[PDB]
Every structure is written in C-alpha cells, then in structure tokens.
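**Q** A structural model of the following input is requested.
(8 chains, ligands or ions: 2)
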Amino acid sequence: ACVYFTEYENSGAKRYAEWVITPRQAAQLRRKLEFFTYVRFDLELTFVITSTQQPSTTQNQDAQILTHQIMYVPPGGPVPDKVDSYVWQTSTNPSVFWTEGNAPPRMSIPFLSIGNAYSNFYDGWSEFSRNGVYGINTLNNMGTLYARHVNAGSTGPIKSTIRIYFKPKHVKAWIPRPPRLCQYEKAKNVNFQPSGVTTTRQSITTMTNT
Amino acid sequence: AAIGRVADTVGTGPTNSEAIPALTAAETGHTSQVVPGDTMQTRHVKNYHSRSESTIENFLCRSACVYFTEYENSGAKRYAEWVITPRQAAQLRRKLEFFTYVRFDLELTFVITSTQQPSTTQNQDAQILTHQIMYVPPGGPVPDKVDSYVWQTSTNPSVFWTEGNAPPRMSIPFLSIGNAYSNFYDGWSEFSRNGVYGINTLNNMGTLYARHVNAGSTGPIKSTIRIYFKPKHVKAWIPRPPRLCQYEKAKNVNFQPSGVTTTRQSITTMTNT
Amino acid sequence: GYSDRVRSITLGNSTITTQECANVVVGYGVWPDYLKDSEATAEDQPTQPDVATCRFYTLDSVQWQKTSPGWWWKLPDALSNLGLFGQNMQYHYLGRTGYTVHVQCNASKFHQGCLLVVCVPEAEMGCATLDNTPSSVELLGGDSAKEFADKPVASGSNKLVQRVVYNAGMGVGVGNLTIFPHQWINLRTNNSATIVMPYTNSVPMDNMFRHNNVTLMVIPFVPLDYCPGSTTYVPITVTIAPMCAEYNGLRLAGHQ
Amino acid sequence: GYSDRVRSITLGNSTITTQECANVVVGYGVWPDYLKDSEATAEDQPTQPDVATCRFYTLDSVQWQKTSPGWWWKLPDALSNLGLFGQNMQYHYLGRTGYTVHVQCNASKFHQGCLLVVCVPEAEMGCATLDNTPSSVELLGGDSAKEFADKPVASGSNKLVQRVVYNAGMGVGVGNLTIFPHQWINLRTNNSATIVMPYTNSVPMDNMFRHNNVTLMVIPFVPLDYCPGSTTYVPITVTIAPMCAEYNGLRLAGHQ
Amino acid sequence: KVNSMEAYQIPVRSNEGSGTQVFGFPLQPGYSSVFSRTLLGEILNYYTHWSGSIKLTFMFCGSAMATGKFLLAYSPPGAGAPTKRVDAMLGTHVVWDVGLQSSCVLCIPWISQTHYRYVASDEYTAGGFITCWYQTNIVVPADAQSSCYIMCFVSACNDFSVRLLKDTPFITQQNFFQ
Amino acid sequence: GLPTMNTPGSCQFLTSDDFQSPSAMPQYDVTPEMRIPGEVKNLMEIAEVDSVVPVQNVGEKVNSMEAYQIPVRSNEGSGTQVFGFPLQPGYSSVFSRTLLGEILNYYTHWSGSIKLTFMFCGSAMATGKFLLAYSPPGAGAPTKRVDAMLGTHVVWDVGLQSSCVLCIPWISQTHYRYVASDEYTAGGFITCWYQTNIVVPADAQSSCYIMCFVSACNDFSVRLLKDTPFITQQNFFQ
Amino acid sequence: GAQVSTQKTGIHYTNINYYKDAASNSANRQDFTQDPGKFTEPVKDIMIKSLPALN
Amino acid sequence: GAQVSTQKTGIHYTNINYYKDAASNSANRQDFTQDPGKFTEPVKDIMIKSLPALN
Ligand SMILES: CCCCCCCCCCCCCCCC(=O)O
Ligand SMILES: CCCCCCCCCCCCCCCC(=O)O
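**A** Numbers count the residues shown, from 1 in each chain, chains lettered A, B, ... in the order given. Ligands and ions are numbered 1, 2, ... in the order given. Structure as follows:
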C-alpha cells in the first residue's frame, strides 16, 4: 500500500527528499490497521521511483541514467542538510542504491516496536503532567527516510518522485474496534468532523438507497 | 542462555548479613559484577533479550562509502586514481578504530554514476558507457594516460562494468602482510626513528584506477566512482576509547584538542545545556 | 593470617614488596610466555637471556605536584638503555616481550589524590601542528618520564606533541582509558599499582627501536593535596620488568 | 578475607552499607514476621504492601554539638508522612510492624564521643507540670528529632515534656536504658548502629497514630569533642525500615 | 571544566549541615552529556534502543583520615527529580559509608514500561533521575584537607543489550581527509 | 518461472572470475596429450633453480658477460669488501632480472630463505678464504669485516669443491615481505669480505672471478598476483 | 552438499557456497560468543563479589 | 532442507528460505485458526442456546 510520496529535484532548492516515517498520511492502509487496537507484524518495503524531465530552456540535453539513494535514519542519528552531506556515507545507517530501469527496490523490516506490539491508538500523553503531546503520535518515533539522486544525469532539470509502499507480514492483531467512520483530518491524531451514522433513505419502509 | 541471550534477573529478598556486594575497590582495575538483586529486592525475570546485533561482525558489516573521485569523458583528467585507504572517510574509520588490531575479509562494492557536462556541442547522442576499474598492487606499472598499455590487466585484477547494470561487486581476502591489519602504529618506518610516523607507515595497499572504455558521446561527460567497504569474517583485538576529536588528516591521528563532552549548567541540572 | 594488601614479586636478581597494593592486573587475562613454534616466522634460534634481561629496572622518579598533569613512557623504549635488556635490543633486529609494570607512590593517611596507571598498547600520538607528525625526541623519553600539558599546545610548523592530558595525546576521552589494563593509585587506600602485560602486536615479533607496542601512562584525575605541615615532595617511581624476552636476527650493534 | 566491621542491608528498593559497624542487634532475639492465624483477631484480609512499605526511609539529619543532650523519635510516628508506609497508616485502622533501625554518624580518627542508640518500647513520657500530660505537638516530631534538655524544665500550667536527659523523660536512670535493644556509636571504633526490632505490644495489632509502641533515642554519654582544625559539623542521620508491615480495617483516609 | 581533568571530579567537602545535594543527572545513557561520551555511551550512540541495569561505581578519593556517608539514589520518572534528601530516599537507594573499601556501587535497576528505551531523547522513554546527597557530612581531623573529590565510574550489567544499528552523531566531516 | 533475484556484481566482467561458459566448438575432439619432458606445475619449481646473478651492475658492464663476474685478486691486506647488495629479491637491480626475481615481479608478497651459491672460477692453483655474510636490517650495512662477522655468516674456503653456499635465512618481523620496495619490509644486507687474501704461485693469474647463483629454498612462497613492470609497449606489434 | 541453519527469531534457512574461496562466503553474523572477563575482571586473584576487595 | 505445503484449491508447493532472518520469509497466508468466543460470547456463565437467557 502506498503510504506516502514526495519529490526531490535534479537541482535547485529541494535536491533531496525527507519523510518522517508514518502509516497515517494515507487513508487506505491506515483505516485497515486501525481495525485493531494493537498490532504486530514485520514489514515488506517496496519503493517506486520515477523521474520526469522539467520544462526549461536548456539546449542539447542528454541525460545519463539516474541512480538514486534512499537512506533511513533511526531516531538519534545525524541528518543530511544537503545532497552532498557526509551523512550519505551510511557506514551504519541502512540504505538502498537503485538505478532507473531495474525492478522496484525492496527490503524486509522486522517488527521494530520498543513495546510488545505496535499501538494504533494511545489515549494518553507524553508528559506525566498530562501535557505535551496527546494521542498516537506520542509513540511514533520510527525515524526519518531520506532520498536523493547520486548523479545529476543531465544539464537539464529533472524531478523525481519516490513512492513508499508498506506490506505487513507475519501479522498478529488484538482487540478489534469499530472501523473509522468520519474521514481522516490530521495525520498525527484522530481528530474528525462529526459525521452521520450512515447514508439516508426515504422512510423505514423504503427498500431503496435514497 | 540461548547462545546470545542476556542474563535473567534473579529474584531476591531482604538481606542483613556481612556480605558486601556493593562495597568494592575500583583501584584493583576490576569492574564490579553487581546486579540489581545485590542492592535491592528484585523479582524474577526471564529475560529473552539477545545481544545479536552487538557482535563484532554485525557492528562492522555494512557497506560504507570510504571514498570517491571523478574522471571525465575528455579533457585533463580522463582517468581516476586512488591510493587505497579507509581513513579518508570518518564514519567507517571511527568504527574500525574501536579496536587496535583487526582482521577481516572485505566485500567491495562500486557505485558508478555519470553526468552530462554543460557545453555548446550540437546534436549530442551518447552511447552506453562502459567503465573499467583496475587494481595495481604495490610495485606494479601504473597508467599514465587513459590508453596506456597497463589497462591490459593480463594479471592485475580489474572489473568491467556498464551503466544500467547492478553495482559491480567482489570479495577481497585478508590482505595483510602481518597476522592482522593494524589500526594504530606507535612507531616509525626507519630504524633511526625518522621517516614516516604512524599508521601510514603500514599502509601499502596499492592503488585503484578507473576510466571509461569508450567516450560515448561527442559532448563532455563526467563520471563519479564511489568505493564501498564491507568487512566480513571479522576478528578484532584490544578495544580502545572511541575517537573523541574530529579527524584532521588521513595519514595520522592528528587532532585539535577537544572538550571531554558537551556542557550543562551545574552538577545538579537535569538538562542538556 | 593473610592479606591481599601485601604482595611480593621476584624476577631475576630483583624482588619488590608492597604492604598496600590492590590486586594485580594481568594483561588481557593473558600471562606472558615465549613464542610457540606454530606461531613463529623468524627461522633462527632465538636468544632467551632470561634472568639477565627479565629483571626489575627502576626508572627515574618523578614529582607529583598539586598541578602535575601526568606522565607517559613508551615501553620498548623506556628501557632501551638499561642493562642487558638494552644491549639485546641494540644487537638484534627482532625482539618480543611482556612486562610486569610496577608503579610506586606512597603518601600518608593525611594526603589525598588518585593516579591512573595504565598500559596503552599502540599509543600513536598526535601533533600540535596538524600537518606534521611528532619527532622522536618529542615522543620518547627513555627512562625519564614525558609530561602531559595542562592546556593545549600551539601550532606553528613544529614537530611537537599535542600533550593535552584530557585527550591523552590521542584525541580520545582520557576517562575511557580504562579499556586498557589498568589500576588506580588512590593514596587513600592504595600505595602502588601492578600490571602484568602480555606481548601485544599484529605480528609475532618486531624491532624494538622502530616500534613501541605499549606506552605506560600515569595521569592524576584527583590532584595531590595535603596541608601545611605534611611533607610536600611526593615522588612517583616506576619499575618495569621484561618477561620472556626473546631476540632474533643478531647482527652488529647500534640503533641506527 | 572477611570482616564483621563491614555489612550491607537490603530492604525493598533500598540498600545500606557500613565499613565500620559493630554487630547488629536483633530485638529480643525475635526477628520480625507477619501475624500468625492463631494469634489474630482482625478477621479481614490484611494488606502486605511489602517492598512498597518495607524499605529504608531516611529522616532529617541532626547536628551533634559539643553540648547536645540528645534526641528521640516516636516510631510508628516518625514515618507517618513518608511514602506509602504513611499512606497505609492514614487509610487503615490497624497496623503492625517491626523495623530495621539504622543510625549513622561518622567522624574521624581525631574526634571522640559515644552515642547510645536505643529502641525503647512503650516510652510514655512525663510532664513538666505534674498536673497535666504532654501534648501531641510536644511529644511527636515526625521525621524530625525531638531534643532532650540539658537541665530540668519548669512547671507552670503548660503541657511540656520533662526532657531532662539523665531521666530520659520517664523518671528512670538514663544509664539503665541498656535493658532495651541497643548499640553504642563510639566514634573511636564505631561509625553506625543497627537494630532490628520485632513488633512489640500487648495486642496483635494497634492503630498507628493513636499509639507509638517504640521510641528511638540517641543520647550522648560522652560528648563530642575535637580540636581546632578538625571539622565542626558532625551530623547524625537516622534511617528506619519497616518490616513485615500489615494493615487491617481499611476505610477513608485522614488521621482524624 | 570540560577542558580539564576537573570534569571527572565530584566536589565533596565538610559543611555546616547535611542533606545537601552533591550532584544529579538523568538516566539517559545515550543522550545526557554526562554519559554520552562514556565507553557505554559511545557504544549506545551507534544504536537506537537500549535495555538493562547500569552500574555506577563511586570511588572516594579523599584522604585516609576523611570520613562520611552519602546517599546514592535513583528515582524512576513520574514525579520530578527529588529536590530534598528526604524525597530522594523515598526511591531506590544505597547509603554508602566511606571506609577502607574505597568504592561503592549504586546499581540502577532497569525499571521501565517498555522492554527497550530509545538511545536518543524521548519523554515516552523517560528514564528517571540519579541523585546524590550527604547522609552524614564529611568529617576530617586537623591537618587533613576538608575538601575532597569522588570519582564516578559507569558500566553495563549482564542484562544489558542494544538494538537497531545506526550512525553516530559524534563524528563528522566536510571533505575527504588528505 | 522460478522466482529469482539478481545481486550486486550481476552482469559485470571480473578479469579474475571463474565461471563455466558454452563451448563454441561443440564436441570438438582435442588432440590426445603426449609425454613431453619437463612439465611445470608451479612457478616455484622454477624459482628453486639457480640462475647467475649480475652482482657487477657497475656502469657499462651491464652490456657484457662482465656483469656476472665478481672481481677477486691478491692484495696487500685482508678485510677488503668484495661486494655488497641488499636483500630485495624483487627490487634490487642485482636480483630483479634473475630467474627468481623475474617470477617475484609478477607477485606482490614473498617469503622464504634464499640460497646464494658462489663458484670460484680462479685457477686450480689459486687459493683463499672469503667471508659471506648476511646482516639483518636495524643497523647499517656492515662497513668493516669485523662488523659483518657479527651477523649470520659462512666462512667459505676455496678448494676442490668449487662452489659454496650462503643460505640467507628468512628472518623478518612479518610472514611476508613486499616484492616492491618498502622500508617496513626491509630485508637487510648481503656482503662478502676477504677472510685470508687470494694466494697464487708464480705463472698463475692473481686476478680472478667468482660467480654468484641465486635460487629459492623449500620454504619459499609468493602471493598477490600482479603485472610486471619489466615489459611495456606503445602499440600492438605488427 | 548444502547446510541448514536457524534464522533469527523470538525456522531454518539453506546455504550453498558457490565459490572456491572462503573469502567469498557471506558474513558470520551468528557468532554469539561472549567473554567479558578479559576486560572486566583481569585480576590475578579472583575477587568474590560478596567479599571485601581489600582486608 | 526445503519444506512442502499444500496450495489453495476446491497439490503442493516447495519452499526454501534463503535469508538468515525470519523477517525475510514470505507471509503466513494459511493460518486458518478461528476463535469467535473471545468476542461473541464472552459471558462468565455458559449460555445454552436452547435455553432461556434469563429465568
Ligand atoms: C532503507 C531502510 C528503510 C527502513 C524503513 C523503516 C520504516 C519503519 C516502519 C514503522 C512502521 C509502522 C509503525 C507506526 C508507528 C507507531 O505509531 O508506533
Ligand atoms: C579491482 C580489485 C580491487 C581490489 C580492492 C583492494 C583494496 C584493498 C583494501 C585494504 C583494506 C583496509 C586496510 C588498511 C591498511 C593498513 O593501514 O594497514
């Protein structure tokens, strides 16, 4: 399930992408996972990386094959401040190197929770004073993902989109709950806009959906 | 327990003897072996935590870019060259330097990428690029130009790669002349205690050379070659304090005096300030 | 009637005694021993002087002053001019040893301080000027301690040593020197420090002049202090004894 | 390698150490223990907090001055506001405990003095004015010592305590306090005092506010003394740990 | 002081009272500047999660004639750091009495709601506060220094482990070294 | 279709790879083998065979048989050095082009003892004794006979047995030494001296020559295969 | 001749070396040996925890 | 050592794990366990269908 996607460009202002890892920015997968209170599973990661030539006035453009680099930075690790920061050395951080044309890069991820199961809901706070953060986001500390090109390729400008897909494997779920009714509003909390229980119909005798 | 499991917590109760687990004498040079139960009533805990990710092997076994240069389609620098060393990158170097001597095989991986250079050449139509990396052990003929006879490699080992394909990769045995790679060497290269000093008197790992095999297009192209190291089958001896001061030079341990740690208000401040 | 505070060590025609030591630290658990035939390369018959070379050599004392930053001695080197141990170094291309390092320093129930005796294997040192490497004369003190500095050492195209104590001249936390065989002389309870070091190196044997595999360092973490009346000159003496010393590749003398 | 001078006590999430104690006095030979079923009356399921209530609570220190007459603490009381032990007292009609009482006080080979640590069970106290009985506020000091007086206390329709030390405020010879579980902290050889007290009373359990079955007293028989130069502030700290604490008759809190 | 041996010294001296705090730092073996550059801390900083008890060994470097007792304590999170001795003794503690045995250990038991804690900072993963107090003030004789120092050593217990390998923030560069 | 997944290295072309590949001549019948004298199995078989060393590189002599001649003659004293070259079987011009040296130059590391056989080509009537010596590194090359005899040596006495051997024992701090030059890998100095000057009778030439052969011992080995510096070209030969 | 080991968990996997050099084999990620003694406790005389370190 | 299970139908398939971590294994798509009781029927006193729920 595509849970998110951003873009980074050949050159210019945003030359590298960054994303605080989360399954709550997409609504599809998030509503399923939220079918249960606590969950435990391994995760199959798949990346769909595509590039598109940007409109410019550069003469004779002759792009070379693009090679990207996705890198994961666990909470507490040095972050890249520029596409050529020393951080992309990844002596220890795990990262994939991919080249356009090849099959989507993919890799497995163990159940990374600090607890005995991922929590989908958390009716609590981050502070013992019941201040600070509230809700699911006080538990989310899955680190950040960073993408970038390794080569610029052509003289012309190119924009690349990176789609992140999640696929739970070896699943165990506990305490089912009512499926989400109200549309999602924010990514870091359950805030909603009050919704009716269902679509309507004429009278309690109408055999039609109206 | 389970080969790599961690010790379980032994349940304890009230004490009142003359047994003194808590009192010791650091002067001995001995580290205390106290455990929770020794200074407080504990419950029993079957601990399943493993130390699997702390093995010397798992700690040093991840590809690390140790260096990278570039060479161009045409012009002045048409071929690259690099005296092999793990000390130009700081990441991997600081880990390896966690131990005095080390021994391991090495998994080499190369990430080769090209970029079209800005020029005024009309109708450019690049053909697929094919590179050649070549290793020259200390004592062997070196290339002086991108078309030197040396790139024949009748005996020198070298890889030929073509853009688009997976990164080229190959294994390298423990190449030391000694019984283990040395990370530090408090000595000289001369018996008079002159000449070179430090780790670099032992580094004689030869040179690596890259180049294109074809020019590809009429236009100018620049290629970058990233070298990655990945220690395999590791054995390490005599751990040492981790590097504190930033690295300054690649061929010695020279540093710029640094404070022991970041500061904070007073010895009572529970905050990092 | 037995106390681990008391101890006595005999090596050759020399014996040492203490009535207030801690334990005795033994290398990395390993006890010195000659080179096994399945671990050698030098094909010639080695020489084992034994009693003549593996004895207690007492170096120059040193004064511990309320402000002393610390000292250090390169080991193969600190003895290169003492007795036959030195004569064997000069005459042979190859040598191999371990040592019983004994650091003495008595005070009184009224003084205070805490030294850190440590054997650092392969103690490569940094330079004050980032473009050079310390000179032999600046690193080696042979039987006479080398002092650490209370504060940084300035650059300026010299071949000096970045002797700043809290960096042990290696660019690391001085307080992490404990991962090396060590003991602490805490005048309050202690009085001496003993460490037996097994031969360490990435090779069976090495040239004893060209290389210094171990470096002994004494570094006060808690400065000496007393009161008007208590004596002021509290020296620190170092005695080192080679163990299972072997030498190969005999030739003409000279450390050239 | 064993010395009765050294000792260590663990109770709950707390441990205590001494390197210069005497023995350890154990109550009237009896060691604390919960109430047996053939010795109880309260029919309800008691509560045994255990680790939460039977831990080491360190009270307010106190200064031993060359003239200090002594101190005292009513026991069920001295902890009535410390942690969950106190919370249980407030919430329950009935309680039952024993304690490991540890009195600390270090000096130096150059000071001198001798304290008398004693656990007096049922220490009813007298009044300065023969027609009244001391008030709660005058007897209880809860976690803060109560001082004895160097000389008599005058009458005059007040509800004060006849704190004259040599009478222990009980009208008896202070020097006969030894028939009670005790130890002597004689700075010369001692350094701390440990006493384990079993539950004492004429009934299985009692209300912990309304009654104070034991009273800890520290009383110098040989006054502190040193010399110009030696430190002057020599504190005395008291740590007490409940043992096998049980509570019955749960109800609303408050010590009303 | 971070630029001298003094960084490793804990000031202790004779006072005109007891109860005085001697020091206090949090249980953040990975983050807190106090631990972060330690042998333990250096290692933790190459990982994301940690778990286990920790040992804090305290060596008294006063003079043979100096005496005194200290209260080493560990208060799990939930409330604030204890501000008075009488509030710290309500938590996991060890009353250390200085004597022939120079050092004393405060074993910080791994109490936590989760199996592992983050090496980085995070309040969910809060670890509590480690503080020291005067149990019975320092007491020297004449001609013996009344101001002393106490060293503090740290190390992991046999139930300590680390997970999720990552890069250290402690080492950086701008260009390949020459 | 068996689910597969290519890994790094895929499609590359390592010069030293080792894989199977289809024959372009399916079922071709190879010519039957034949017993040919002197087969070779390992290069060390060759490195164990003596070859004449050119100790006299001196100037123009490299272009004549003289390069292989060691001058010896009657003197008015003893102690005189006769020659002296380093132990650099790979680098030193003295060895580099030898049978042993040629082989070493296709490798990066070497280890083992070496044999220097010295044949006296004087006349039957000529006599004398020489001091063949090997001084391990650490000090300098011995400059006087009295300083060379302090090292590993053989006092050779010329007589009916024409040749004499100086076995240079592999003394070294590392298991292997670099074939190329490097001071860490220093090998020491090989020198010869007059023990008791040449002594001929009348009518017998007083100036003679001594040849020097070199070969590897049974404990000699070589590692890390590389290209020789000794062969070059500018264009494919026609 | 393949080999069969255990994977990491809280099942097995098959391995067949394809190269003539051991250097080519995958990493040895499962060596869980441990010997702290060399570092913590390199004392010549065994120190018994419950006892006094000096007497 | 491979394994051999049954495919889904109205035959078997072979599987050989190639990685050292169980996390790398394919999904467990064939666990057909079922226990509705936890949810439908979490009553302390067993309710017999044919009987009255209250009396
Ligand atoms: C290149 C390596 C990439 C590694 C990808 C790591 C992604 C971590 C995924 C965490 C999963 C879903 C968790 C929700 C967290 C929470 O709210 O507690
Ligand atoms: C195409 C063939 C490439 C071969 C790559 C060979 C690289 C050699 C690596 C040596 C490794 C790390 C050694 C540090 C050396 C030292 O300081 O002693």
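**Q** From residue B:256, how far out is residue C:102?
**A** Applying CB to CB, to the nearest Å, the value for residue C:102 to residue B:256 is 36 Å. C-beta: built from backbone N, CA, C; applies to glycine.
**Q** Have a look at those two and say which one is more surrounded.
**A** Counting neighbours by other CB atoms under 10 Å in any protein chain shown for residue C:102 and for residue B:256 shows that residue C:102 has the greater number, 24 against 17.
**Q** and the more buried one, that one's in a strand?
**A** Yes. Residue C:102 sits within a strand when classified using DSSP: H, G, I helix; E, B strand; the rest coil.
**Q** Assign a three-state SS to the nearest residue to it once chain neighbours are set aside, would you?
**A** Spatial nearest neighbour of residue C:102, excluding adjacent residues (CB to CB, 6 or more residues apart in numbering or on different chains): residue C:239 at 4.5 Å. Of the three states, residue C:239 takes strand under three-state DSSP.
**Q** quick one: secondary structure of the residue in chain G that ligand 2 sits nearest to?
**A** Per CB to the nearest ligand atom, the residue of chain G with the smallest distance to ligand 2 is residue G:23, at 11.7 Å. Here residue G:23 is helix, with the state taken from three-state DSSP.
**Q** in chain E, which spans are strands?
**A** Here chain E has its strands, by DSSP state E, at E:10-13, E:21-26, E:47-51, E:54-60, E:69-75, E:92-97, E:103-108, E:117-118, E:129-136, E:147-156, E:161-165.
**Q** which ones are touching residue E:62?
**A** C:112, C:188, E:12, E:98, E:138, E:140, E:145, E:148, E:149, E:150 (CB atoms under 8 Å, 6 or more residues apart in numbering or on different chains).
**Q** filter those residues down to the ones close to ligand 2.
**A** With CB under 6 Å from any ligand atom as the criterion, no member of these is in contact with ligand 2.
**Q** Stretch E:12-28 near chain C anywhere?
**A** No. Stretch E:12-28 does not reach chain C (CB under 8 Å from any CB of the partner chain); its nearest approach is 11.0 Å.
**Q** phi, psi of residue A:169?
**A** Backbone geometry at residue A:169, expressed as degrees, to the nearest 10, gives phi -130, psi 150.
**Q** quick one: it from residue A:21, how far?
**A** 17 Å.
**Q** what about stretch C:178-191, start to end distance?
**A** Taking CA to CA, to the nearest Å, the first and last residues of stretch C:178-191 lie 19 Å apart.
**Q** can it be found next to chain B?
**A** Yes. Using CB under 8 Å from any CB, stretch C:178-191 reaches chain B at C:179, C:180, C:181, C:182, C:183, C:184, C:185, C:186, C:189, C:190.
**Q** Dump those to CSV, plus secondary structure and distance to chain D.
**A** Output for the residues of stretch C:178-191 next to chain B, formatted as CSV (DSSP: H, G, I helix; E, B strand; the rest coil; distance: CB to the nearest CB, whole Å):
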residue, secondary structure, distance to chain D
C:179, helix, 28
C:180, coil, 27
C:181, coil, 23
C:182, strand, 23
C:183, strand, 19
C:184, strand, 18
C:185, strand, 20
C:186, strand, 15
C:189, coil, 11
C:190, coil, 16
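**Q** how about those in JSON lines, adding neighbour count?
**A** Output for those, formatted as JSON lines (neighbours: other CB atoms under 10 Å in any protein chain shown):
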{"residue": "C:179", "neighbour count": "18"}
{"residue": "C:180", "neighbour count": "26"}
{"residue": "C:181", "neighbour count": "28"}
{"residue": "C:182", "neighbour count": "21"}
{"residue": "C:183", "neighbour count": "28"}
{"residue": "C:184", "neighbour count": "27"}
{"residue": "C:185", "neighbour count": "28"}
{"residue": "C:186", "neighbour count": "28"}
{"residue": "C:189", "neighbour count": "25"}
{"residue": "C:190", "neighbour count": "27"}
